[PDB]
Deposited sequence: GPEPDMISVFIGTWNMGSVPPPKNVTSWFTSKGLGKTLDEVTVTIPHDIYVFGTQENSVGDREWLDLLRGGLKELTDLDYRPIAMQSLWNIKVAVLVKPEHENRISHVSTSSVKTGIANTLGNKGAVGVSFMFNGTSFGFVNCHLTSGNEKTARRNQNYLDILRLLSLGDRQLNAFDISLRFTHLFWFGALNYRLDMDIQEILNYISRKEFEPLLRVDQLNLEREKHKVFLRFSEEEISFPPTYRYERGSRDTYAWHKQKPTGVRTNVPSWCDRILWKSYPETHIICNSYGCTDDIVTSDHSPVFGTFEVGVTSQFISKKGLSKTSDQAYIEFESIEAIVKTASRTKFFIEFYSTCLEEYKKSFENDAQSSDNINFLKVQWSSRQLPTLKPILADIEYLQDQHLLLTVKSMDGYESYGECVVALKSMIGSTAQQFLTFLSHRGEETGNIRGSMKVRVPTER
């Protein structure tokens, strides 16, 4: 297959079991950007379900999902992984025909505790490869409370740093760069900064823009504190918290201000195919004080199966240090990782920054495992900038897609470390074939 259809769902189940029928959740029918126009269901290739306050036992729950999907699609979807941590649970299921294509499956979980609050907060994860394309899925439940934004941001950073999904050799990189596509979703619990009656007025009008301008997740993302260079599809569904059970007619009630607690975000390597086909919530599933949120994505995949030469590399790096620096290059297209020599020039007209330059002589050629053009296009390099005394100052990713040829092509990208922008990097390179 050339592309796959990925379903992501997030639902705080409110410590009661689901209703018998959750079909709207699976088929992206409800409010927001929806697939209500689709009369005959196209079964997705991969279903991913993240839940919180899921008080159904692991085994029984996975069975309910397999059962639900069986009745909808007339297919025995196979669960490749599942992972729970208290009542935070994720499960990933694939079509039977894709079972051979999956490999390198891992799971992880992380606790993020804070004193004097209701704990049981943290995250669970699943990653795998679909042929040559790596996928990461994170399901979390962060700290609740209107005034706990700083605590939520810290939960995010603790997850980003501690969650050990994927290959170990990528331990200079965190989960924001380990996977071709990363989906981070769950009960993020960021809230609306507005009085209760004024918010209910806007929900009645279906005027979401004035509420989105006071959404705490949106504001923190603009400050560059969480979810650096992630995407979220535009929100056009009402707040998913907090409803009275048995209906969606009525919000319950600053401790119960309506909010978009339940969210899906993604982070992709550059020059890859990824389109969001839905992002919304149901309005006919009423067992929880939250509503289920869905998202679907069309995602490109690459089959499973010559040298790379750099003219020069130049990095603006954020630091007070003045030592020498080098680069390590990692990729799944390489047999072993390579390293550069010392940088051979450096300058600065800023106390906080440093320009660091590697000439062609200081940079090694990389030798890929296959010489096929169609293979090489779909690959990426992971670069980490390290100092000579030795910890990383910055990581980034570079696509080879437009770099295939005889003459060297320009690249420019951002450097990050531990959820902070730490500079940029640029250079000139070619992937040559004989």
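The deposited chain is incompletely modelled, with C-alpha atoms absent over 1-3, 257-264, 317-328, 414, 459-461.
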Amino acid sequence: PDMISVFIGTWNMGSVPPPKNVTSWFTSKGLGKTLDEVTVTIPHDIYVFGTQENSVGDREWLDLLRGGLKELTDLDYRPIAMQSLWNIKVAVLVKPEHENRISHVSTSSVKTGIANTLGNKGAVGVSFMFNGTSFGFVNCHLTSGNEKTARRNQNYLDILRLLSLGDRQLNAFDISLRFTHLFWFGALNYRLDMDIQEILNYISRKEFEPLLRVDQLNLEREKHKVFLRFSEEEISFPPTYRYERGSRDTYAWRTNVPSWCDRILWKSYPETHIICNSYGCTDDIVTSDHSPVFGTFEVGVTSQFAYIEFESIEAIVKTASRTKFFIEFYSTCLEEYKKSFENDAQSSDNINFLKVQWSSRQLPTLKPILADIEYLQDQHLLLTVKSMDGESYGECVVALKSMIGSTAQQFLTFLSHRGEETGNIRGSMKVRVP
From here on, numbers count along this sequence of modelled residues.
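Higher mean CA temperature factor between 202-210 and 343-351: 343-351, per the PDB entry. Between 401-409 and 37-45, it is 401-409 that carries the larger average Cα temperature factor according to the deposited entry. The entry lists C-alpha B-factors for 87, 288, 240, 302, and the highest of these is at 302.
For the set 376, 396, 31, 62, the PDB entry puts the maximum C-alpha B factor at 376. Split the chain's modelled residues into thirds by C-alpha temperature factor. Residue 136 is in the lowest one. Compared with the other modelled residues of the chain, the Cα B-factor recorded for residue 361 ranks in the highest third. Among all modelled residues in this chain, the alpha-carbon of residue 333 has a temperature factor (C-alpha) in the highest third.
Sort the modelled residues of the chain by CA B factor and residue 388 lands in the highest third. Remark: residue 314 belongs to the middle third of its chain, ranked by C-alpha B-factor as recorded.
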